[PDB]
Amino acid sequence: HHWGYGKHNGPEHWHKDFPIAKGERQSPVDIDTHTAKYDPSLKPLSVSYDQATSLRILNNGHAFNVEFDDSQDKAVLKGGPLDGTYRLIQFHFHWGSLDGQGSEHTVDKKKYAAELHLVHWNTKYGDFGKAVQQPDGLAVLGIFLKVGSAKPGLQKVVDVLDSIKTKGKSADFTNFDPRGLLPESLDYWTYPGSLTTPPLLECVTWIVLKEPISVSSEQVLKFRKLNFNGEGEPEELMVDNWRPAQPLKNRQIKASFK
Ligand SMILES: NS(=O)(=O)c1ccc(NC(=O)Nc2ccc(C(F)(F)F)cc2)cc1
Ligand SMILES: [Zn+2]
């Protein structure tokens, strides 16, 4: 209820209301590239976003979510480590106050400027709320952002942020094509984990792409102008909305590539 990313309500406090914060399959994690093992058993990853139907963008006080119509199999993720069909429901990002931090996952302890999460639920469970109660309910495709060249397919997102500055604001966001946020390669790492925000449910198969996308400094600067607060409340810039790496415990990270 009053969780956030500050000193007084941040990740080190979450366990009091959400004891699974100290569980056995929490996310994010550091991806040690030397220890991850290539797995021949992985099937090809299939990202099928041609019929994706975006609807709205919402500042929820923690990030902003671009939401999709998930009432039919329009935009789906299949293959890789996944059994069956996972429907896209929303994407969001986590980012930093500085270009050297912001990602949730790390790669050999490297932090990226931001991380995109494309969230999908397993259609065998009928709805998102049921899926999050299952160990294989969700698949989140995570994509790192580094600062360099602009990402043209992100600009429509950046340009609507002025209209959702504060918590609880939303705006129409139709006809956005999430294909424009992907890198060229679908090479990935995968492991079983959790939501990275309360309620921290252990329901996610994480698929983290190896290739980052590049976004411009100007693009990420606009993310940092958002607010965690509601309208008419003291301004708190929406920055550093990332959970740090958690203990790997009894898990193995698998690579799709040699
Ligand atoms: N950072 S992360 O990728 O691990 C992650 C964290 C929290 C969530 N939660 C939701 O998407 N919640 C949600 C979606 C959708 C609905 C619906 F509208 F269907 F009720 C109700 C709740 C997802 C992902
Ligand atoms: Zn996330």
Side-chain angles (χ1 to χ4, degrees), residues 3-5 10-11 14 17-18 20-21 23 25-29 31 52-77 82 86-96 101-106 111-123 125-145 157 167-168 170 173 178 181 188-209 212-213 223 226 228 238-246 251:
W3 71 266
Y5 293 97
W14 295 350
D17 290 283
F18 304 95
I20 206 55
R25 57 173 281 185
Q26 290 289 292
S27 294
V29 298
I31 301 166
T53 299
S54 64
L55 288 181
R56 188 174 73 134
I57 192 173
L58 172 65
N59 178 334
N60 60 26
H62 311 290
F64 64 85
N65 292 350
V66 172
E67 299 170 345
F68 289 79
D69 177 1
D70 65 344
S71 66
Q72 303 182 262
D73 281 340
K74 285 182 183 289
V76 301
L77 182 68
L82 303 176
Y86 288 68
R87 282 195 196 141
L88 179 65
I89 182 165
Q90 55 106 327
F91 69 76
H92 62 276
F93 302 80
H94 308 262
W95 60 92
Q101 66 198 58
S103 68
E104 298 209 298
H105 296 87
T106 59
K111 297 171 162 95
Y112 287 88
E115 185 173 332
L116 166 60
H117 289 159
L118 291 132
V119 182
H120 312 74
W121 56 275
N122 190 334
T123 60
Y125 300 119
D127 66 71
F128 180 89
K130 184 61 161 11
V132 297
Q133 300 177 63
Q134 317 303 323
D136 61 351
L138 264 57
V140 183
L141 181 59
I143 303 179
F144 297 115
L145 282 59
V157 172
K167 184 176 183 179
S170 64
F173 202 69
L181 297 176
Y188 64 86
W189 296 282
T190 184
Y191 74 94
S194 76
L195 303 179
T196 70
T197 60
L200 299 169
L201 295 170
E202 292 179 337
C203 63
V204 182
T205 301
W206 277 95
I207 299 168
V208 178
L209 295 191
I213 63 166
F223 286 12
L226 289 166
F228 286 127
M238 185 181 281
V239 296
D240 292 318
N241 58 349
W242 49 276
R243 189 189 192 189
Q246 302 298 309
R251 293 178 290 179

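Excluded from the calculations below are hydrogen atoms, water molecules and symmetry mates; all remaining heavy atoms, backbone and side chain alike, are included. As the structure lists them, so they are numbered: ligands from 1, and atoms in each ligand from 1. Count residues from 1 along the sequence.
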Judged by modelled atom types alone, do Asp70 and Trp121 share a side-chain donor-acceptor pair under 3.5 Å?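 Yes - a donor-acceptor pair under 3.5 Å links their side chains.
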What is the nearest protein non-hydrogen atom to [atom], stated with its residue, atom name and distance?
atom	value
atom 15 (C) of ligand 1	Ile89 CD1, 3.3 Å
atom 4 (O) of ligand 1	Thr196 N, 2.9 Å
atom 7 (C) of ligand 1	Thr197 OG1, 3.4 Å
atom 24 (C) of ligand 1	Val119 CG2, 3.7 Å
atom 23 (C) of ligand 1	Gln90 NE2, 3.6 Å
atom 21 (C) of ligand 1	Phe128 CD2, 3.9 Å

Heavy-atom distance to atom 5 (C) of ligand 1: which of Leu195, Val132, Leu138 wins?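 That would be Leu195.
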Does the side chain of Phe144 reach to within under 4.5 Å of the side chain of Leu209, using non-hydrogen atoms?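 Result no, sub-4.5 Å side-chain heavy-atom pair not found.
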Determine whether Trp3 and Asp17 make a side-chain contact, defined as any pair of heavy atoms from C-beta on separated by less than 4.5 Å.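 No - every pair of side-chain heavy atoms lies 4.5 Å or more apart.
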With the Zn ion (ligand 2) as the reference point, give the N/O/S atom of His117 that is nearest.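 This residue's closest N, O or S atom turns out to be ND1.
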If you scan the protein for heavy atoms around atom 19 (F) of ligand 1, do you find one that is closer than 4.0 Å?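 Yes.
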Check the angle between the aromatic planes of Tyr5 and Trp14 and answer parallel, tilted or perpendicular using the 30° and 60° thresholds.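 Ring orientation of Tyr5 relative to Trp14: perpendicular.
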Start with the C-alpha gap between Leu116 and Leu145, add the side-chain angles, then the distance that decides, and say whether side-chain contact (heavy atoms from CB on, under 4.5 Å) holds. CA-CA 7 Å; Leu116 166 60; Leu145 282 59; 4.0 Å; yes
To the nearest 0.5 Å, tell me how far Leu88 CG sits from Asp73 CG.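 That separation rounds to 11.5 Å.
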Would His92 count as a contact of ligand 1 if the rule is a heavy atom under 4.0 Å away?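 Yes; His92 lies near enough to ligand 1 that a heavy-atom distance drops under 4.0 Å.
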Heavy-atom contact check, 4.0 Å cutoff: does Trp206 meet ligand 1?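 Yes.
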Carboxylate-amine/guanidinium contact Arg243 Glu104, below 4.0 Å: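 No, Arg243 and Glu104 are not salt-bridged.
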Quick one: angle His92 NE2 - the Zn ion (ligand 2) - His94 NE2, to the nearest 10°?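 It is 100°, given to the nearest 10°.
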Kindly say whether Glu67 contributes a backbone atom to a donor-acceptor pair with the side chain of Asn65 at under 3.5 angstrom?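 Side chain of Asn65 to backbone of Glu67, a donor-acceptor pair under 3.5 Å: no, none is there.
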Okay, side chain of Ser194, backbone of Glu202: is any donor-acceptor separation there less than 3.5 Å?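 No, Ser194 side chain to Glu202 backbone: no donor-acceptor pair under 3.5 Å.
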Given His105, which of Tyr191, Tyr112, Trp242 fulfils the ring-ring contact (aromatic ring centres under 6.0 Å, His included) condition?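 Looking at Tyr191, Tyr112, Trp242, the match for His105 under the ring-ring contact (aromatic ring centres under 6.0 Å, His included) is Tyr191.
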For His94, take its heavy atoms, then give the atoms of ligand 1 lying under 4.0 Å from any of them.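 What qualifies from ligand 1 is 1 (N).
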Can you tell me which portion of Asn65 lies within the under-4.0 Å heavy-atom range of ligand 1? Options are side chain, backbone, both, or neither.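 It is neither; nothing of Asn65 touches ligand 1.
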When you look for heavy atoms under 4.0 Å from ligand 1, do you find them on the side chain of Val140, its backbone, both, or neither?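 The part of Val140 near ligand 1 is the side chain, not the backbone.
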